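Only one chain is given next, in structure tokens, and it is the form deposited in one PDB entry.
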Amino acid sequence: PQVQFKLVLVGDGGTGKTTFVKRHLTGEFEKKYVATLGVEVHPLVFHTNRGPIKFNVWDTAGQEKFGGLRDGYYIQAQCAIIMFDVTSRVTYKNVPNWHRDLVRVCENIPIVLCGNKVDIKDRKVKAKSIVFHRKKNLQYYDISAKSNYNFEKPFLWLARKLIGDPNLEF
């Protein structure tokens, strides 16, 4: 554990981000949806060719009634992950909101946009409809907490951006 990075995990309610971090930490899939109350911080240690890197991920509540100090959770954040659902188009509709609140507090930090639940058959958000990451110069990844598809790609891209080494690998 050489260095820590603050990573803020935001998105609409029900996009699957608590299930994402829970799957990273414990390898367990929670079928039931229990909304986060405020924020839940979890540690994620990765072992790289440059040594161990720690990610303090602040898993944010996506719903307004259950948000705590929402933008207050972004304070001193070094990287961000905005997550939306490929089953609900409204999540991708609200991605720019989360991005604006993120950038207003944390200027010039690496942010990854993730489309969760790619494993489902009916995909309401076509891959060609995703242009916002190119619009704000963000990296995009199709992910699935259940399928583990592109599991570490957001964390790996964020780590490469923070450390500044394109050849960084887990």
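Rigid core: the largest C-alpha set superposing within 1.5 Å between the two forms. Numbering starts at 1 and runs along the sequence shown. Residues that one form lacks are left out of the comparison.
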| query | finding |
| --- | --- |
| At least a third of the other entries leave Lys31 unmodelled | no |
| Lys121 dropped from a third or more of the other entries of this protein | no |
| Of 145-153 and 12-20, the stretch whose C-alpha atoms average the higher B-factor in the entry | 145-153 |
| Of 52-60 and 127-135, the stretch whose C-alpha atoms average the higher B-factor in the entry | 127-135 |
| Candidate set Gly67, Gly115, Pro43, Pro110 [ranked by C-alpha B-factor, highest] | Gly67 |
| CA B-factor placement of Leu25, once the chain's modelled residues are sorted into thirds | highest |
| Chain thirds of CA B-factor: placement of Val39 | middle |
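Absent from the display: the form deposited in another entry. The rest refers to it.
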query	finding
Rigid core superposition, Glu28 Cα moves 2 angstroms or more between the shown form and the other one	yes
Is_shifted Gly38 between the shown form and the other one (CA, 2 Å cut-off, rigid core)	yes
Core-superposed comparison between the shown form and the other one, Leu69 Cα displacement 2 Å or beyond	yes
Cα-Cα shift for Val10 and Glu64, closer or farther in that other deposited form, minimum 3 Å	closer
Distance trend in that other deposited form - C-alpha atoms of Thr36 and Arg123, change of 3 Å or more	farther
Core-referenced shifts between the shown form and the other one - contiguous stretches of at least three, CA at least 2 Å	24-38, 60-71
